[PDB]
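Quick heads-up: it's one chain on its own, the form deposited in one PDB entry, in structure tokens.
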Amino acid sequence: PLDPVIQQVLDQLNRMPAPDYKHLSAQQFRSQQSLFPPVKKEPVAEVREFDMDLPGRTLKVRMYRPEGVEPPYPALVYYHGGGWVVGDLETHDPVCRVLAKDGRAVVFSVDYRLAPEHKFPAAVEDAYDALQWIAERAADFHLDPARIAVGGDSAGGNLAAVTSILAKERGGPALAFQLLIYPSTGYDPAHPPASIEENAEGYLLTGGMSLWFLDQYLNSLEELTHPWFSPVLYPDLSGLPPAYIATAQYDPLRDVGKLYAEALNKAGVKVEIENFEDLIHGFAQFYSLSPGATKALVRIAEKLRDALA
């Protein structure tokens, strides 16, 4: 079935007017993000924010150092979700804390630029350049160069997967692991995985909502098959960092996640994929509220922990 609290979330959500994507704007939708209930912020030894001055832009970064972990620390460069349009350092702050605290790794939450103000592939360039910037400063952050992972949820998982591919092409930096939480890893639009139609409606992330995101992020039809947008279409996935993929049973992106796992495995990359049976897309954001989401996110963090051990 469906997690009890998730069920109550959808009930409260379906009480609202049917979204009007034809007229919804990025600003309007960013406001709707305040609808997410307050969540518990797990404690960490330290939270620090700093600027990364990159060509053309300064990206904010929130670093979370967990308690009781000795340097050189393993790290996770994290990219928040939100369809490449919404979200920020605050929306996924609770998520990053859990990953740091139970993942036993220093998490760097990257405030990448959002569309439509910055269309594709700005976010992608930000994800990569941010990882480069942080790895370059491994020493300054007391990080173990060999234990730096990339990860993210939804659009964030997409950015992590694409960043991995770009690091491979550019000879670095070294990525030890890929944490992809119900990621949007792409697929050939002409041949969608079964979950796209199956969970198209009523489970928070909907077909219409994804369409709306795509219209804000992408510039043209042709980019739907662009590898930087659909990493699963990249011609050669071998040599990519080993990965852990979490999918949700009621997520339209469920089989998309499975598609990437399958693709990575076929390319000889070690990959573990787990489907959470009673959850929906975005369940991490209900950490400490939903019992299913809480155990799932903690589990995901422990998967990360074992990965960087």
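Shifts are known only where both forms have a C-alpha. Numbers for residues come from their place in the sequence shown, where the first is 1. Definition used throughout: the rigid core is the maximal C-alpha set that superposes within 1.5 Å between two forms.
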(message) Can you tell me whether 194-202 has a higher mean C-alpha B factor than 152-160 in this record, or the other way round?
(response) 194-202
(request) Quick one: say whether 214-222 or 67-75 has the higher mean Cα B-factor in the deposited entry. (result) 67-75
(request) Using the entry's values, work out which of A127, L114, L237, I134 has the largest Cα B factor. (result) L237
(request) Looking at the entry's B-factor column for C-alpha atoms only, identify whether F50 ranks in the lowest, middle or highest third of its chain. (result) highest
(request) Please place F177 in the lowest, middle or highest third of its chain by C-alpha B factor as given in the entry. (result) middle
(message) Test of reading the entry: by CA B factor among the chain's modelled residues, which third contains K266?
(response) highest
(message) Using the temperature factors of the C-alpha atoms in this entry, rank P19 within its chain: lowest, middle or highest third.
(response) highest
(request) Taking the values exactly as deposited, rank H142 by C-alpha B-factor within its chain and report the matching third: lowest, middle or highest. (result) highest
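We do not show the form deposited in another entry, though everything after this point is about it.
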(message) With the two forms fitted on the rigid core, I'd like to know which residue in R48, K40, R30, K270 is displaced by 2 angstroms or more at its CA between the shown form and the other one.
(response) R30
(message) Is the shift of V298 between the shown form and the other one large enough to count as movement, that is, does its C-alpha move by 2 Å or more after the core is superposed?
(response) no
(request) Specify closer or farther for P94 and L13: how their Cα atoms are spaced in the other entry versus the shown form, given a shift of 3 angstroms or more. (result) closer
(request) Specify closer or farther for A161 and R30: how their Cα atoms are spaced in the other entry versus the shown form, given a shift of 3 angstroms or more. (result) farther
(message) Can you give me the runs of at least three consecutive residues whose Cα atoms all move 2 Å or more between the shown form and the other one, with the core used for the fit?
(response) 2-38
